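**Q** experimental coordinates for this protein are included below, preceded by the sequence.
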Amino acid sequence: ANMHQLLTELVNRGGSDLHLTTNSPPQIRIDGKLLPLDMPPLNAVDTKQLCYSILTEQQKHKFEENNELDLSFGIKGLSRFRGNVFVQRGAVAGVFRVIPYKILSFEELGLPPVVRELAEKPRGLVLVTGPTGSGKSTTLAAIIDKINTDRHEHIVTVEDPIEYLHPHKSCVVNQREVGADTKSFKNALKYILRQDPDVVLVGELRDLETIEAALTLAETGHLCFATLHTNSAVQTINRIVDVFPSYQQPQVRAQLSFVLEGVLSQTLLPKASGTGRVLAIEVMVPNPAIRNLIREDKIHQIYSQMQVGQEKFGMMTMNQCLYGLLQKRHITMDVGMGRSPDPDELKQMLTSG
Amino acid sequence: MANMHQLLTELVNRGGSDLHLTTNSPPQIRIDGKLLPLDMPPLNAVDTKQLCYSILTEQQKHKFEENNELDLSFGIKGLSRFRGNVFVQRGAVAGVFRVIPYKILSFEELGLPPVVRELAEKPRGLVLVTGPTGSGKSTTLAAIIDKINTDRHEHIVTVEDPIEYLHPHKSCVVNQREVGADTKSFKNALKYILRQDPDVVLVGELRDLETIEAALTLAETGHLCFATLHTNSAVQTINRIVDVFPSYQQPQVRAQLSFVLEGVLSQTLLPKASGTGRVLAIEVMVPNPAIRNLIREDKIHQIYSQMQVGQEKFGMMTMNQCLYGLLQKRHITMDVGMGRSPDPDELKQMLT
Amino acid sequence: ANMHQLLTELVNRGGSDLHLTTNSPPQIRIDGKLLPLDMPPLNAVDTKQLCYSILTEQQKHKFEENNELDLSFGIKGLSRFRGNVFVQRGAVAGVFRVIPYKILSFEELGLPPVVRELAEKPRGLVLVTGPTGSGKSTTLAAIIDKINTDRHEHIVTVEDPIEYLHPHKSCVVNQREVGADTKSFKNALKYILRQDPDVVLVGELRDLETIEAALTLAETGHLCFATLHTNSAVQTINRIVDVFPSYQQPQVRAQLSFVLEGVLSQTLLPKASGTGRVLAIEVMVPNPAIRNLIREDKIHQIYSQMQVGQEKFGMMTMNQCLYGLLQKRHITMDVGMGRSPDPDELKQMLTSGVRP
């Protein structure tokens, strides 16, 4: 009934987010969907006492000045949390995310064995892309945890915001949160070469400066991880090249062909059973043929190379993953078709074999 | 301050559309389109300020005094909600107040085609409801937001200036932020929206360059974004969005739009042929793979031809095709249907 | 007060403007031309004394901070006035414009009956154009007053500045003065749709933003009035189109062809008697043929349709109006010819075997 009990239940019930707003009971997001708790609806007095109970006095003043506040806090013996407090219809409202210290393993996440091998790469650019909540941070956290476990190197992450904490194991891990630890991605990236890193996570490739920063890191002997909100390997490569002026795109294509070591495009789909989510992932691992196609500006022909790189490189097109999920009845036909980038291709391959 | 409450009660009881308060005239109510003065003495400058200020918050009174303009909404328990505009004329306060029903109308009550219901089922993307002021945009948006609220277990956040339709929680969590009270501005609300775990976001009118980039970012990162524009057609809407950006960034914006656009609705309310009420005429564009290439290929005007043949497959409909059907079914007069066609000669060919 | 007496003489003598400046007697503008009053020339002491006699303490302080001041004021039993005070050659100077409360009728203004029929339009765009002091606000005030009399609708005006005041009749009339009631045309037009209007006066079509606002008003079921400074219907339509980029001119021409309901272009000419001025006006009322010519980018061919549209559509070219002013001997031959856009056509009209 208080903030401590709600946050403990959020962790205990495997929720990702707790929502507190007027005229609704506390609600928790489990596997992406909100489920209300068996409690009376809150009023404006309730949402204010609950949200204020986890703020410092200085934080309460800054929220009252702007009607907005981002913060993080810890509950001893429980978990860390990300909070956002705001105002709607004249009342306090809040959303609170658990940030787990412990990452589940690759097999628990449904990630193919090639993801474990990407975590062993000495150098290059590895891109994990997809929409919000498609599993990107969990894959990145699993990869970084394997690196942390296996290497004696320096890992620096720049995140907006940090979604997983990595205690030091064999690596030295420094994590900078945008907006608190560092002013911006640009400022962190301006000094990242002066911090003796070996592995760097740069977050979303939001602008040209960040793309150039990720390419330089990957060219100078570092393992660079970044995200995009693209849905396929080809769409990912096109977005990176096409954001640059036409005159500088030849160099970017040449740069990408040398340093790119893997592209993972994930999506979480509803299970046909109606409970839980299943991972759909497109995997592109560059071979000499794909690297030439990038340099030759034959980006779209990379898809044909992914269709035949399953046994050799662990590649898998998005349609090839949906096909396997369909034969095992993990997703319905309606969900698979609404997600296929080419439903006619997936339809024809289902009829044969 | 209790006189204003009684005037609005009289406005509701007499079936009026709008209440007018201005100096040197009695309160006037629009009934069936025509103004009628109430049998009361005329107001002075003190009165129009006193009545209008009685329904303002202290901030709203300081916001109004800073700009000599103010839009707002408020509710009267047991009566109705109302949208108000207060302004200044000849050195005195004036006000107009419209009626906002508590009960949100259905798709069929609003005259919205079944394709709007399928747009309400989209999991992510950008859906634009456009038109000039009072073209039914908030009513259409509320119907869309009410269907998602009814059907989904997701988090809906709206940013409104002001909040018009209220959406009680159903199966969704719905948070509605009013600019100038709950949040300082659209810019400030959008700065924090990514930390609030939203699934569906209403950002209001695409009023400037900065909000459009924010709306494209929300829709690109896996969210369903609703926004409005002032344009009157799908093609005019797409051109307006791209052309506000500097020439060097327009290639990316067209590329983003080809990926993220999920629907364009351009509405307009016309008087009914019976002489009572207004009926919705709507142009609906839902991008298919063909339209997405036309967007990427910068052949935006050829999109109109695609809408003419996408009715059965995709539920598409040009404005002229909608006006033709409303005219044949006797919902509108010939002058109103002709007075709205963007190409009156095309509608003639369909008439034959 | 001498100032009280000067303003009474200005009103009584039908002057439009009173001028007070150093080394000249007070001068009043009568029929567009300045005429000095039979008084000794004023000095700097006089001009500061006369202008300060009508200022509040707050106005005197603001004028002294900038050497500029706009204001309006009323004189009980006389008239209201719009004033401007400034400084020149180290001395105070002032100009004062009268704002009449009473609007003259259409026939008094010399406006043809077709203008009255334009006031009965339920929707569309009606443009009243001409140079400064060509009677535009006066024509607009007569139209607004007829609408106010005949309709139960909401009239909103946005003006820079307000020229005629309209007491309520059957309409509710709200008049917003730029720089006092509202910050700008842009802000008034930003909220005008939320103000439940039926008839809107938007002032000068100064930029694309205002033209786009008027087109939106005219398309959504409103009657919109606006002004330009063009001298003919064809010149008026082209001026509106040519303000847009070349790629967007097709749409603007298409919009105008749909919503345009009337174009009036005026000029005030001296009378043959030497007293008063007579209105010369060109009237274009769009028919289906003219609307097509607009859409087809055949604007110059619109004039030929106007030459034959008096009886059918109530149209009237400038030359046809000048012809009528010449037959009634209201203007001299030189004045009529000096304004004709085509003197040879007007000559042909005068040398007619069907002349009567």
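**A** Right, received. Where do you want to start? Residues are numbered from 1 along each chain as shown, chains lettered A, B, ... in the order given.
**Q** so what's the residue of the stretch 1-150 of chain A found nearest chain B closest to, chain neighbours aside?
**A** At 2.7 Å from chain B, residue A:131 is the closest residue in the stretch 1-150 of chain A, using C-beta to the nearest C-beta. No exception for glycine: its C-beta is placed from N, CA and C like everyone else's. Nearest residue to residue A:131, sequence neighbours excluded (C-beta to C-beta, 6 or more residues apart in numbering or on different chains): residue B:222, at 2.7 Å.
**Q** re the thing from before, part of a strand, is the residue of the stretch 1-150 of chain A closest to chain B?
**A** No: according to DSSP: H, G, I helix; E, B strand; the rest coil, residue A:131 belongs to no strand; its state is coil.
**Q** who's in contact with it?
**A** Residue A:131 is in contact with A:229, A:231, A:267, B:124, B:221, B:222, counting by C-beta atoms under 8 Å, 6 or more residues apart in numbering or on different chains.
**Q** determine which two of those residues are furthest apart.
**A** A:267 and B:221 (13.2 Å; C-beta to C-beta).
**Q** which SS class is residue A:266?
**A** Assignment for residue A:266 (three-state DSSP): strand.
**Q** so who does it touch?
**A** Contacts of residue A:266 by C-beta under 8 Å, 6+ apart are A:128, A:129, A:130, A:134, A:135, A:136, A:139, A:279, A:280, A:281, A:282.
**Q** pretty sure the second one is touching residue A:225, no?
**A** No: using C-beta atoms under 8 Å, residue A:129 is not in contact with residue A:225; the gap is 11.2 Å.
**Q** and the two? Which one has more around it.
**A** residue A:225 (28 against 24; other C-beta atoms under 10 Å in any protein chain shown).
**Q** please verify my assumption that that one contacts residue A:199.
**A** Yes: using C-beta under 8 Å, residue A:225 is in contact with residue A:199, at 7.4 Å.
**Q** quick one: secondary structure of residue A:81?
**A** Classification of residue A:81 by three-state DSSP places it in strand.
**Q** which strand residues bridge it?
**A** residue A:73, residue A:98 (DSSP bridges).
**Q** and it, how many neighbours does it have?
**A** Residues near residue A:81, counting by other C-beta under 10 Å, number 19.
**Q** can you check the one 3 residues further on too?
**A** Neighbour count for residue A:84, taken as other C-beta under 10 Å: 20.
**Q** assumed it was part of a strand.
**A** Yes: Residue A:84 sits within a strand when classified using three-state DSSP.
**Q** next up, the contacts around it.
**A** A:69, A:70, A:94, A:95, A:96, B:192, B:195, B:196, B:197.
**Q** and for residue A:119?
**A** Counting by C-beta under 8 Å, 6+ apart, residue A:119 has contacts A:142, A:143, A:146, A:147, A:150.
**Q** whatever residue of the stretch 251-353 of chain A ends up closest to chain C: neighbour count?
**A** Per C-beta to the nearest C-beta, residue A:297 is where the stretch 251-353 of chain A lies closest to chain C, at 31.3 Å. As a burial measure, residue A:297 scores 11 neighbours (other C-beta under 10 Å).
**Q** tell me the SS of it?
**A** coil.
**Q** quick one, phi/psi of it?
**A** Torsion angles at residue A:297 (phi, psi; degrees, to the nearest 10) stand at phi 60, psi 40.
**Q** what do you get for residue A:258?
**A** Main-chain torsions, residue A:258, degrees, to the nearest 10: phi -80, psi -50.
**Q** and residue A:286, by the same measure?
**A** According to degrees, to the nearest 10, residue A:286 has phi -70, psi 130.
**Q** where along the stretch 101-250 of chain A do the helices fall?
**A** When secondary structure is read from DSSP state H, counting those that start in this stretch, the stretch 101-250 of chain A shows helices at A:106-109, A:113-118, A:136-150, A:185-191, A:208-219, A:233-242, A:249-259.
**Q** angles on the backbone of the residue in the stretch 151-300 of chain A that chain C sits nearest to, please.
**A** Chain C sits closest to residue A:246 of the stretch 151-300 of chain A, with a gap of 22.6 Å, by C-beta to the nearest C-beta. Main-chain torsions, residue A:246, degrees, to the nearest 10: phi -60, psi -30.
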